[PDB]
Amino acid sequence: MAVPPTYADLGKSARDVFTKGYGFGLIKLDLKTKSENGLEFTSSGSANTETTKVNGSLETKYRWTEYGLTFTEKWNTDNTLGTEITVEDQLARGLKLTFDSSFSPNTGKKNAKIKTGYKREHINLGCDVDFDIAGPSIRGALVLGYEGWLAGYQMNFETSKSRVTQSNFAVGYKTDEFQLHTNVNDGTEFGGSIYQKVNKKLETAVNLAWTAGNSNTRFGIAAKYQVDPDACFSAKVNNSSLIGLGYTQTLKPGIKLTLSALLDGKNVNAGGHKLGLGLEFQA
């Protein structure tokens, strides 16, 4: 509350208006279970309708919510395996420590990661270490909060190059109804977004992006309208003339069906246009 978001979550809500409720060029199938603690599973399948490629993943999660522990297991179709152990609020509130291991039989190439996070009133700090063969690399992030205002810094240091490869700044303003976010990545990529919860049923977002020193500008406008408690409409445009449309409908409790279309101007409908279908099952 007085506790700020992680550096990565700055601007998230506005990013969500653009990304959720759309899945162009995919048939997606998701099966989820919930539990406050103990076992939880998520299993997903994706057909890309341009490449005929069909992907799959499982994730198994066990929470010992008594000791702030989560153990997670991942497995996809590309043979990649992974395990993640997380401790949260355990040695100190709100300290979070993650150990992550990945393993790929298809190349015998394994990755290991440690993420540490520390959060309290006005401060959100992180330090992620990637033990890669051609790392370590270390990502550090700090976000400071002052009366709704937010300032963050994020860096990545690659030890093989012994150089900073990433240096990002963000400044924003965040209430429950309204969020401003600005960032510049590497003194080079500028971004800006406004998010508005306009009423109980309408959220809107504007995104701006440009690059030093190219005079052009990209922008998008998006909305999400919750028509009733069972149906939800999304519409977005950008200045490359792309129109995204999305409709999500609960067909039965626990079962949501989303249809989405991506349309190119001025060719609507004249040439080929991206459709999508998502079905989510929650049990």
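Counting begins at 1, following the sequence as shown.
Stretches compared: 179-187, 100-108. Higher mean C-alpha B-factor in the entry: 100-108. Across the two stretches, 236-244 and 30-38, the PDB entry reports the greater mean Cα temperature factor for 30-38. Remark: of 211, 193, 196, 90, 90 shows the highest value [criterion: C-alpha B-factor in the PDB entry]. When the modelled residues of the chain are ordered by C-alpha B-factor, residue 57 sits in the highest third. When all modelled residues of the chain are sorted by CA temperature factor, residue 225 is found within the middle third. The PDB entry assigns residue 115 a C-alpha temperature factor belonging to the middle third of its chain's modelled residues. Residue 2 sits in the middle third of its chain by CA B factor, as recorded in the PDB entry. Among all modelled residues in this chain, the alpha-carbon of residue 122 has a temperature factor (C-alpha) in the lowest third.
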